[PDB]
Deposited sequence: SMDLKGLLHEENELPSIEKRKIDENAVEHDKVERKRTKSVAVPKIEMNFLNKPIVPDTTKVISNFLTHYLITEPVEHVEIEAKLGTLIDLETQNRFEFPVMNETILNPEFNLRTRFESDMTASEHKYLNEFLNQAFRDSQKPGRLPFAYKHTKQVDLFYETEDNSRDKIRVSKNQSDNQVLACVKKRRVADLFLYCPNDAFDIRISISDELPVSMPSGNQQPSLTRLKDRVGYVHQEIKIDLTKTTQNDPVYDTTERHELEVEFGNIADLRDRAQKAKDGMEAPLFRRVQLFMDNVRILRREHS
């Protein structure tokens, strides 16, 4: 039996970080405890705004910290970045793509599509997404935000918002009803180990004001079924495969969040 060169700690067994443990509870709750049926779990890069100053939130902390939701910190999250920041991240990921193409590496997958978001009315709102290319229906849902979780990151230019949503499929609006909202969406998607990473551009025109262009980055879990099964194990006692997955997700988010000019 060989003697190691070094050990990770005095127990010589891996320990879970506080952040990873907390997030894992948050995910398990909305996957297993109070299960959301058509669940979507994603993280967006952005900015925490202080509602009193309308500038980026300030906090006497020096590292990535998970804000406590049971307090009212008077804050909102803006999912947006400059075009330059959006392009800088794009160059980074293109290179991350190119490098994963090599032997010995698990390769990225790539996709570039354009879609149209159409919103309809009710007695809430309904969203119909269409491929701007061939013009079939990509999705027809009634998405509901279930819970959020904010990470304040004073060392980076971006803060994080982890979101759990309920994306319920609904039949198409009958019939030739009028959409109450219409916006275009450019989608440059990356996938690595079923972790979906999407750089989106949302253009919306106005009858009066200039056309606005919103630049976003989202990271989400591609395999909810697998993740759900991992959360069930965690709830049962074997919580290593859940921590491993959540760690992977966060590490990918952290790599991106640190990428800035």
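Numbered from the first deposited residue, the unresolved ranges run 1-39, 163-166.
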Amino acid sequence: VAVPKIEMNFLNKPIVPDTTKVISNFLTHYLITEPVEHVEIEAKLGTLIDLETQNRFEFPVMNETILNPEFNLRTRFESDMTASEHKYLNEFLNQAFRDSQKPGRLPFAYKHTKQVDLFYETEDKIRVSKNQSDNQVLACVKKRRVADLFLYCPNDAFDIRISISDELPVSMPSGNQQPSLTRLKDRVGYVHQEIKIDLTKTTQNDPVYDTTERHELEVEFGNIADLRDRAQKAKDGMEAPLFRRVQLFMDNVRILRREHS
From here on, numbers count along this sequence of modelled residues.
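Mean CA B-factor, 247-255 versus 233-241: the higher value falls on 233-241. The deposited model assigns a higher average Cα B-factor to 169-177 than to the other stretch when 139-147 and 169-177 are compared.
Across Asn55, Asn63, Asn223, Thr202, the entry's maximum B-factor at the CA atom is seen for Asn223.
Sorting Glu85, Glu78, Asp186, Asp124 by the CA temperature factor given in the entry leaves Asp124 at the top. The deposited CA B-factor of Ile32 belongs to the middle third of values across its chain. The deposited CA B-factor of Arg228 belongs to the middle third of values across its chain. Residue-level temperature factors show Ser133 in the highest third of its chain, judged at the C-alpha atom. Ranked by C-alpha B-factor against the other modelled residues of its chain, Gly46 falls in the lowest third. Among the modelled residues of its chain, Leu93 has a C-alpha B-factor that falls in the lowest third, as given in the PDB entry.
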